[PDB]
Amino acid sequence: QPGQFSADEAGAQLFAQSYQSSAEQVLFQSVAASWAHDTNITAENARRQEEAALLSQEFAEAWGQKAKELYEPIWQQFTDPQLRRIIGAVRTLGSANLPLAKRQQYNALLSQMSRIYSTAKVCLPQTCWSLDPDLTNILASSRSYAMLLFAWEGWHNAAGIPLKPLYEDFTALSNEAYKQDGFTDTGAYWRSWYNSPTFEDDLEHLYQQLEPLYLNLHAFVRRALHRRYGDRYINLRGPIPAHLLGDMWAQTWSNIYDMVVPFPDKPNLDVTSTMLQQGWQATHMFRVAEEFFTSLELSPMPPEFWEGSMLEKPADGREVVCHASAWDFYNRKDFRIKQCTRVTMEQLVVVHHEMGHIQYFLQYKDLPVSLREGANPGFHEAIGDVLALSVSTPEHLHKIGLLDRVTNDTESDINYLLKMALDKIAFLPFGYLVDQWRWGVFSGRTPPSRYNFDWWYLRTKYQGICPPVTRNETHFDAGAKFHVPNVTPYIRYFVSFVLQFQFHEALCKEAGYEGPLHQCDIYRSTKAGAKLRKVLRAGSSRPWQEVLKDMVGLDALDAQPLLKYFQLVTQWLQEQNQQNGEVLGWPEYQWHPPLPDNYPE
């Protein structure tokens, strides 16, 4: 239960300490119980994950209503701006304002929407495929239009449809809750984490500068799809069917790199085989990564990291979650990683990314728990990726003894950037739109009667894609993407994509590097590390604009560092598109591809 504190700013400082102190114990339980589950999926452990979660709601309610009984009408016009937000957070009760039975209704909807997603199956005319790895693989590897069309249509129908009636009731209750906290809708509350009165306009001006890069990549890749699939399925002036980009959601188009290779005569960069020959196992891949940070004079992994982490899939027939993730137990003691690591090149990069999340934790663990977060929701993924921007370059792989010779031809530099663009450039329109759709549902502009209409309106407006089958309003294609039924903000991922290349430009300049930006490697740069150490140890204890300015010199998001990065492959794509007489964009916006002859037979 909460304590007894005064109703002024000087006593608020006391209400924080006791609150921050008790939050450790409660926060630690919620992370410890999820760990005992995600590394050992048993029903009994899943039931402990819920008890620890409900125990957190009780803590946030009790300490939130207390905060609201004391300082509610006098915390806004406060002295210390750090306290202005700490108590501002505590007073926000979200679902605790709802009546008791609805609070139950709110949670049950979260529980059912997540489960409905994980257990959605695509059964055949016979056995049934699942999202991971069955359907994911098909969408990446298969090159039969009719096949890809079956996985795409089957999954969206399976996952989307049953989620719509639940999502409506969730939106209705999510908004009732956060209005009692002073917000027009949940969206306004989400968007308030960035403290930017012109946030949505700043995001549109960002993408307006980025759109030329995607329209070029769009046409270039659309021509590649025209050769493989023909004219009956690829309109050179219309949208691209949404199942021919190697990804279920077209987020990234990296699994169709074998179709768009600028120069296939040059060898693909893949040091995976070399790693196996030198005897690298998972544990060594992390020791290598740990050394990347210590070269920057950053913190090494503490003993608890090695003791507790899960660096390999367990051998004792334990059901685990294999997706790589980094865990902060909010006790300044236990930091771990759970990853079914595999001795591959991509995994080596992933291990550095996930270790960035750790280095972040370690650097700000001396702050109050409320400030053990990134500067804004889009920082963690920006720190993990900016590191991977150095570790993925052949320059670095050569220095850690994984690439004997470093080629210098520009043709190979175009293949590297193109492979990058299929991840960093193709995702921008998607990371931008996902929350735009939710912002519309939360505000009301997108009532349940127009879930799929506004969904595909955005998908066609930004990604330049279209459904390969006809869709009406019984379908809820927005729910077929994990982050929707699981209620996970998405605009942060569009932000980190912009942020990282800002972090990269700065860290490379600080390291003294000169030359093509994509060939930069901050490895063994102690001046680059000190710059990171400033950002990482700040957490959220300062405005993210300040931190970014101290690090990058600019107090806002700027897409120019990203454009400068892809400067070479951008010009090369404009030349290819003009030699082909391409039409950037999709003027024939009403176009949809016909069904394959006698489908799905």
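Throughout, we count residues from 1 along the sequence that is shown.
Asks: How many residues sit between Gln126 and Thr127 in the deposited sequence but have no coordinates: none, 1 to 3, 4 to 9, or 10 or more?
Replies: In the record, 1 to 3 residues between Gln126 and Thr127 lack coordinates.
Asks: Would you determine, from the values in the PDB entry, which of 300 to 308 and 68 to 76 has the greater average C-alpha temperature factor?
Replies: On average, C-alpha B-factors are higher across 68 to 76.
Asks: Decide which of the stretches 213 to 221 and 84 to 92 has the higher mean C-alpha B-factor, going by the entry.
Replies: In the deposited entry, the stretch with the higher C-alpha B-factor mean is 84 to 92.
Asks: Would you mind finding, among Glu168, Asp265, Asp435, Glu346, the residue with the largest C-alpha temperature factor in the entry?
Replies: Max CA B-factor in the entry, restricted to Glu168, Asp265, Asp435, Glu346: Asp265.
Asks: Would you mind checking which of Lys338, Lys365, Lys121, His352 has the top Cα temperature factor in the PDB entry?
Replies: Reading the PDB entry, the winner on C-alpha B-factor is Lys121.
Asks: When the deposited Cα B-factors of this chain's modelled residues are ordered and cut into thirds, is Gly479 in the lowest, the middle or the highest one?
Replies: For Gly479, the deposited C-alpha B-factor lands in the lowest third.
Asks: Determine, from the deposited record, the chain-internal third of the Cα B-factor for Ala52: lowest, middle or highest.
Replies: As the PDB entry reports it, the C-alpha B-factor of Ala52 lands in the highest third of its chain.
Asks: Would you check the entry's CA temperature factor for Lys531 and let me know if it's in the chain's lowest, middle or highest third?
Replies: For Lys531, whose C-alpha B-factor we compare with every modelled residue in the chain, the answer is the middle third.
Asks: By the recorded C-alpha temperature factor, relative to the other modelled residues in its chain, which third is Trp591 in?
Replies: Its C-alpha B-factor, which the entry lists for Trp591, ranks in the highest third among residues of this chain.
Asks: Grab the CA temperature factor for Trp439 from the record and place it in the lowest, middle or highest third of its chain.
Replies: Bottom third by C-alpha B-factor.
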